[PDB]
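Enquirer: Chains as they are written, first to last, in the authors' numbering: chain A, -1 to 255; chain B, 0 to 255.
If you scroll down you'll find the structure; I have some questions about it.
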Ligand SMILES: CC(=O)c1cc(=O)[nH]c(=O)n1[C@@H]1O[C@H](COP(=O)(O)O)[C@@H](O)[C@H]1O
Ligand SMILES: CC(=O)c1cc(=O)[nH]c(=O)n1[C@@H]1O[C@H](COP(=O)(O)O)[C@@H](O)[C@H]1O
């Protein structure tokens, strides 16, 4: 039988990062991840502060921040702790294991030092996960595997998706879920996060495709919606975030019965 | 089979591909150094010393502890002096709207200094359309990852065929592939092959190695990409020369 987020947080094989997430989702009545796709640190932080109470997670693309510093990420962590959300760097690691370990720990971004969660493509084989684990496990972090993509012509289908699920289930000490369009694992210890979400039908001019929160959470059985432009391009980002939160949360409840 | 110099003149050749092919012929090198280091000073010292031996220097900018745009300016100076291209191995792999910003912007401003970048094809062709919005105006080229060297790679069969079709349909920007072998029969595309060492072996995190003779001679690729085989050696110049000579002779042999 289908379990609430709060009960899933207690499952025997739950990862600590997933448990923390699931608990705050239930506490705050939110399964919304804000995709904070902005180029200005000040806007990132103003969004994180104002929308923090409405979100379970803030997803970053640190490599698009024109004025990235590690101090910016310190300020973001303060907001994450204050408002209770996880930080997810959407880095899409996708190289051989030896390379991704350095890309995760080092360089200018030092992603592992501030990101609760990262994601990885499965195309290199399981070495990508083993490499990331060498950094992530000691730093008490989690990882999401990209099992499906939202964009037109995605090759993350069929056997590829099945491979991502197997890879996750075999690295459960580090991998806590998926980026996917629907439920892809039957194991309730895994999170499903779905991008390509807007209230209205449509897409963008570079292959993005949208589905609604009701469709993704209610019909397709995903856990969390990831929303960027549907919120960020709106005049009132707070009201937009609230609309998305209420949509995703009610769809979750209804599926739960 | 056409020489690199003849391929540089093909009707449908991309200007970046042509520049590369001409300097490969001129310098007798089809070696790409994978400069997998964390210090700018080591990067630049390798680029200067090994520049005459290489057709290309591949970077992972996001592992450089002391990256600045001025470091990349110095690398360009070396690239112009010694005549090699700069390839940032970023493996763009997101939706089109996102990758365009990751390519043009942020701290790294990759498009401002990288002649070549690469991309995974898993998102569908929007990844290439997004990149080309930035890269076409900046006269850049791109490589699509058709195959990977690592154990368990899913870049096989229909996935590889999709990479080839995507390249062939974006030939104004895509100049070739990262692959383990020749994957396109069209001589205007370059094939660059990582997972290369002289000796048999691998690493502890899924990397698998094949020799330059195997990759260039038997598998029909154009360029070898070599990191640790050179970088971990005491004398990196002599190591680079060993790889250069291996790859170049394998190419000549195939050419007949
Ligand atoms: C989250 C993720 O891994 C990813 C995968 C994918 O298939 N689709 C997608 O849009 N994304 C990302 O989500 C965000 C979608 O933003 P949008 O709502 O279209 O403005 C972007 O920041 C994408 O880079
Ligand atoms: C170049 C490329 O796209 C790539 C793809 C791949 O399938 N295998 C691979 O090793 N690479 C990269 O080449 C280099 C190989 O370095 P190595 O010679 O194993 O020390 C690394 O910097 C990898 O990130």
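Where is the CB? At the ideal position from N, CA and C, for every residue including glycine.
Compute the distance between the beta-carbons of residue 173 of chain A and residue 121 of chain B, then report whether it is under 8 Å.
Expert: Result no, Cβ atoms of residue 173 of chain A and residue 121 of chain B do not sit closer than 8 Å.
Enquirer: Tell me, please, which residues DSSP counts as bridged to residue 118 of chain B.
Expert: DSSP lists B:91 and B:143 as partners of residue 118 of chain B.
Enquirer: So with Cβ pairs under 8 Å, would you call residue 71 of chain A a contact of chain B?
Expert: False, the Cβ-Cβ gap to chain B never drops below 8 Å.
Enquirer: Using a Cβ-Cβ cut-off of less than 7 Å, list which residues of the segment 36 to 63 of chain A approach chain B; keep chain order.
Expert: Cβ contacts with chain B come from 37, 59, 61, 62 and 63.
Enquirer: Mark residue 160 of chain A as exposed unless 16 or more other C-beta atoms lie within 10 angstroms of its C-beta, in which case mark it buried.
Expert: Exposed, because fewer than 16 other Cβ atoms sit within 10 Å of the Cβ of residue 160 of chain A.
Enquirer: Output the distance between the C-alpha atoms of residue 187 of chain A and residue 7 of chain A, rounded to the nearest integer angstrom.
Expert: Each residue's alpha carbon lies about 8 Å from the other.
Enquirer: Could you give the residue range of the beta strand (DSSP E) that holds residue 169 of chain A?
Expert: Taken as a continuous stretch (DSSP letters only), residue 169 of chain A belongs to no beta strand (DSSP E), as it is neither H nor E.
Enquirer: Measure the Cβ-Cβ separation of residue 148 of chain A and residue 94 of chain B and say whether it is below 8 Å.
Expert: Cβ distance < 8 Å, so residue 148 of chain A and residue 94 of chain B count as in contact.
Enquirer: Nearer than 7 Å: is that true of the beta carbon of residue 234 of chain A relative to any heavy atom of ligand 2?
Expert: Not under cutoff, so the answer is no.
Enquirer: Between residue 117 of chain A and ligand 1, is the CB less than 7 Å from at least one heavy atom?
Expert: The answer is yes for residue 117 of chain A.
Enquirer: Under the criterion of a Cβ to heavy atom distance below 7 Å, does residue 144 of chain A qualify as lining ligand 1?
Expert: Correct: residue 144 of chain A has its Cβ closer than 7 Å to ligand 1.
Enquirer: At a CB-CB cut-off below 9 Å, which residues of chain B make contact with residue 158 of chain A?
Expert: Within chain B, the residues near residue 158 of chain A are 121, 153 and 158.
Enquirer: Taking the alpha-carbon of residue 241 of chain A as reference, which of A:146, A:28 and A:65 has the nearest alpha-carbon?
Expert: Of the candidates A:146, A:28 and A:65, the one whose C-alpha sits nearest the C-alpha of residue 241 of chain A is A:28.
Enquirer: Is the Cβ of residue 96 of chain A closer than 8 Å to any Cβ of chain B?
Expert: Yes, residue 96 of chain A lies at the interface with chain B (some Cβ there is under 8 Å from its Cβ).
Enquirer: Would you tell me roughly how many angstroms separate the C-alpha atoms of residue 203 of chain B and residue 142 of chain A, rounded to the nearest one?
Expert: C-alpha separation (whole angstroms): 22 Å.
Enquirer: Under a Cβ-count criterion, where at least 16 other Cβ atoms within 10 Å of its own Cβ denotes burial, should residue 168 of chain A be classed as buried or exposed?
Expert: Exposed, because fewer than 16 other Cβ atoms sit within 10 Å of the Cβ of residue 168 of chain A.
Enquirer: Please work out which residues of its chain come closer than 6 Å, Cβ to Cβ, to residue 154 of chain B, disregarding the five sequence neighbours upstream and downstream, and give them in chain order.
Expert: Answer for residue 154 of chain B: 146 and 147, listed in chain order.
Enquirer: Excluding the 5 residues flanking residue 219 of chain A on each side, which residues of the same chain have their C-beta closer than 8 Å to its C-beta?
Expert: So the qualifying residues of the chain are 180, 181, 190 and 253.
Enquirer: Straight-line CA distance for residue 74 of chain A to residue 14 of chain A?
Expert: So the two alpha carbons sit approximately 21 Å from each other.
Enquirer: Using the C-alpha atoms, what's the distance from residue 43 of chain B back to residue 69 of chain B?
Expert: Cα-Cα distance, rounded: 12 Å.
Enquirer: Does residue 196 of chain B have its Cβ less than 8 Å from a Cβ in chain A?
Expert: Chain A contact via Cβ: absent.
Enquirer: Whole-angstrom Cβ separation of residue 30 of chain B and residue 56 of chain B, contact assumed at under 8 Å?
Expert: So it is not a contact: roughly 10 Å between Cβ atoms.
Enquirer: Count the C-beta pairs between the segment 208 to 225 of chain B and the segment 190 to 199 of chain B that are closer than 8 Å, then say yes if the count reaches three, no if not.
Expert: As far as the Cβ criterion goes, the segment 208 to 225 of chain B touches the segment 190 to 199 of chain B, which means the pair count is three or higher.
Enquirer: Would you mind sorting residue 231 of chain A into buried or exposed? The rule is 16 or more other CB atoms within 10 Å of its CB.
Expert: Exposed, by the Cβ-count rule.
Enquirer: May I ask which residues mark the beginning and end of the beta strand (DSSP E) holding residue 190 of chain B?
Expert: Start and end: 189 to 192.
Enquirer: Taking its Cβ as the centre, do 16 or more other Cβ atoms sit within 10 Å of residue 239 of chain A, making it buried, or is it exposed?
Expert: It counts as buried.
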